[PDB]
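Only one chain comes next, encoded as structure tokens, the form deposited in one PDB entry.
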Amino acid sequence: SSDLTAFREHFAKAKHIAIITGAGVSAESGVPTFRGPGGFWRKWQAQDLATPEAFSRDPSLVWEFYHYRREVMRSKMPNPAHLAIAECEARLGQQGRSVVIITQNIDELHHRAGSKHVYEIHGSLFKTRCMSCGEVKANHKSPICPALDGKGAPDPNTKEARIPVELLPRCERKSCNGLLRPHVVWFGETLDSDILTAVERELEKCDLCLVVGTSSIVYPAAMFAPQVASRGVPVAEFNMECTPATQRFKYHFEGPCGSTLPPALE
């Protein structure tokens, strides 16, 4: 149902809220996803490049792609949904109540909004992993390494940089000097289990669940939300996915997250 008053009553009692956030939230901030029919980067779409095969085969190109994506983030900002969440978390923490964010997104926009207890289940554009020793290190450097400066242009006729692998980002522990890769979960890679076991703990604790910028019935929101709802915990969706009447969940608020969510949480 679309009765807000009802949702708010639950919100008022809730002591542990879990907010699952999907692509619609980053979409509203203007982040290109490179899925859709016009979402190309040069000749390719995300599924061509976000794979270990692509990286093994052509690390320069994949790096050019991720560089580009890291750099466009300097002009996309958190929208009102990002903020409403972060300010909620803070407000409730003062009161001893908990709020967590389980996000599919890799743009660090929740972090930029001021959220703190965030689980990035698909990793982040702004972390690296050493192909060699596996160290996971935060990185917001621009450019991530000199070799990539001014690289990553999106128009198809752009010339490959074909950066020698020795000059792509390397792991700075000089005992190792291993080749870095973005700590994102590519197509065909599993999620990290340490994270899943945390998320599980969180979702078992939670007495209210919000699904924002996605639906509970779509992968990977489906891993989490049904689990909670089957224990009789309310679930509120905020999306403008236009989800057909017949399988929206408990409460639905159709519309842009930026519009719907902040009044929900005030």
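Numbering starts at 1 and runs along the sequence shown. We call the rigid core whatever largest set of C-alpha positions still superposes within 1.5 Å between the two forms.
Among other compared entries that model residues flanking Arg248, a third or more give it no coordinates. As the entry records it, the average C-alpha temperature factor is higher for 240 to 248, out of 17 to 25 and 240 to 248.
When the mean C-alpha temperature factors of 122 to 130 and 167 to 175 are read from the deposited coordinates, 167 to 175 comes out higher. Of the candidates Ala161, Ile102, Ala84, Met73, the one whose C-alpha carries the top B factor in the deposited record is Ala161.
The entry assigns its greatest Cα B factor, within the set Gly188, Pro182, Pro143, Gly114, to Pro143. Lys151: CA B factor lies in the highest third for its chain, per the PDB record. Annotation for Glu89: C-alpha temperature factor in the lowest third relative to the rest of the modelled chain, per the entry.
Ranked by Cα temperature factor within the chain, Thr214 sits in the lowest third according to the deposited record. Among all modelled residues in this chain, the alpha-carbon of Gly39 has a temperature factor (C-alpha) in the highest third. In this PDB entry, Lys137 carries a Cα temperature factor that places it within the highest third of its chain's modelled residues.
We do not show the form deposited in another entry, though everything after this point is about it.
Comparing C-alpha positions between this form and the one not shown after a rigid core fit, one residue in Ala161, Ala84, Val100, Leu180 moves 2 angstroms or more. It is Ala161. Comparing the forms between this form and the one not shown, the C-alpha position of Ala221 differs by 2 angstroms or more, with the core used for superposition.
Remark: with the core as the superposition reference, the CA shift of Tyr66 between this form and the one not shown stays below 2 Å. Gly255 is not among the residues whose C-alpha shifts by 2 Å or more between this form and the one not shown once the rigid core is aligned; its shift stays under 2 Å. The distance between the CA atoms of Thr246 and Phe253 is at least 3 Å shorter in the other entry than in the form shown here. Annotation for the pair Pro80/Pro220: C-alpha atoms recede from each other in the other entry, by 3 Å or more compared with this form.
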